[PDB]
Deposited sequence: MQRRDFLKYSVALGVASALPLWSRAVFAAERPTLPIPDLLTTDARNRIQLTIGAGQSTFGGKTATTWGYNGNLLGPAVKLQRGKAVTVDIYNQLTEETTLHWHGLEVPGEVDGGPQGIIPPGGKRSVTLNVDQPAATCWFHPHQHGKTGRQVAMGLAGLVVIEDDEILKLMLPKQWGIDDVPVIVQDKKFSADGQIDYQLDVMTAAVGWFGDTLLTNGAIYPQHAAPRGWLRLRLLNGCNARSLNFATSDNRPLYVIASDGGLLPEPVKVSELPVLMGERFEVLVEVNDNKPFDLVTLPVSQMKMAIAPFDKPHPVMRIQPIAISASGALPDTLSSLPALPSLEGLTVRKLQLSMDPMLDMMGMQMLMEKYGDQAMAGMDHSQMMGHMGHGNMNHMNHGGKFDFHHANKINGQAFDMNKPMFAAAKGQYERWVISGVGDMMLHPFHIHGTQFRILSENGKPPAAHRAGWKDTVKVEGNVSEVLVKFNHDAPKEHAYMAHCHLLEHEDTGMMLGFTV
């Protein structure tokens, strides 16, 4: 009765150097009840696009939805033209082709809609896919690499459903304040699936694909997780942890030992968002069952994985300050609402959340950043106690200060997201590619309902 963990197709180019992605609506079943869902190349979620560093691929994108959408390639160091800006809106029945030039270390990135004001809803409906970047360096390590066997993507997402089974998503005052949270946890679209893993090392490419919920991975029997990669790729050495917090939109790759016939679970532990943990995420929650099989796998975990460049001197680097702000009444409303779950004048919430006192204006980039030079961006969330995972397009950056303190070792490598939660973060960013006004990059909170209600800025390079 325990469903098998679905494995996204790992797609490579055809003989024409092309990959096709179709965006469309279908049906899925959750807990025995059908729901209308959206997917790439299917009814729900999407495939994993395989890229090779230093090689070009062209992606043909067909929008079969009845509304506009866009595609954001989260974590890719690509020109702003790839996401597209206004030219990046794909009308119903429209086609968009993008040629991806992959010039960054091996990493697990992802892709998802980014229509402003509607990103939360389109992700909630089902749209997300993966990007697997490979390079020469990672292949020489002889990591677990049999996709779907000992090298497995694990996209973890919550959803809220109505009584009839349909996805229950509404961007209203309360969801704009706190985010969209559900009580049903999905793993590659399935409820508590199991994966059969050969003996030895099992590699999990973890993605927190929730709109607003932070996760904290561990195992049911407290066996450790060996973190080998963050958002932007390999760490210099594996970092062993007993638990692994993962913010919305973040990825980590971990190895876990499969050493006998005893099944065990990947779980997620309670997280305080504000300072409340709400059922059914107020105690450890299963994510998926790992079922050992008698076959042994040959993946290895070397002592050294990669090399990170030394941080440059901070003297002389441009400093950019970004102040996140939540509307005080959304902030208050959200605190009271969570306190109860845990236990007029013309206001428009669609532009109520802000950066540097401005809600996102698609026609006015806030600044231009330098191309090819390190900058220090300082992001403050001092006005409220909510979690804002801050994401910057076009770069894999280094965290200098995460929410007031130097980053943990497994978060000190390549990142595209930094925690901001009532304190101040500082990141060292470099943009290798152009993004003109008509194809501007974005920087924003990745709690999707916050960015949909104004907590985003555009910038050019």
query: Stretches of the record's deposited sequence for which the structure holds no C-alpha atoms; finding: 1-29, 373-398
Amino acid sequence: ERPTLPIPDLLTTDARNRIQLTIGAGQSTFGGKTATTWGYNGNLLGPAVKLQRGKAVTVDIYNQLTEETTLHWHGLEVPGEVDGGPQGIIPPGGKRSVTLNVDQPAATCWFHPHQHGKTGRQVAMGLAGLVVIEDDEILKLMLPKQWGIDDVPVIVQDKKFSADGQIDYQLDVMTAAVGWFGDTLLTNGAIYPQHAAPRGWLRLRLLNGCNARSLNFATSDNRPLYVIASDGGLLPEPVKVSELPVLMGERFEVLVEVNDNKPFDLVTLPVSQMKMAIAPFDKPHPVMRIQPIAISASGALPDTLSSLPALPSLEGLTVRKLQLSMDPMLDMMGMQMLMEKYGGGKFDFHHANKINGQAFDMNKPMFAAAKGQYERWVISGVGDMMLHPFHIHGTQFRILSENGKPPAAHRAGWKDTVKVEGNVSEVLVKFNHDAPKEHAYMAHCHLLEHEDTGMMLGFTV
From here on, numbers count along this sequence of modelled residues.
{"item": "Between the two ranges 211-219 and 91-99, the one averaging a larger CA B factor in the entry", "value": "91-99"}
{"item": "Entry-level comparison of average CA B-factors, 313-321 and 288-296, reporting the higher stretch", "value": "288-296"}
{"item": "Out of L204, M276, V132, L76, highest CA B-factor residue", "value": "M276"}
{"item": "Largest Cα B-factor, entry values, listed residues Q104, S162, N353, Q373", "value": "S162"}
{"item": "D452 by Cα B-factor - lowest, middle or highest third of the modelled chain", "value": "lowest"}
{"item": "Third assignment of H195 from its chain's C-alpha B-factors", "value": "middle"}
{"item": "Relative C-alpha B-factor of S272, binned into the chain's lowest, middle or highest third", "value": "highest"}
{"item": "Within-chain third of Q115 by Cα B-factor, per the entry", "value": "highest"}
{"item": "Assigned third (lowest, middle, highest) for the C-alpha B factor of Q157", "value": "lowest"}
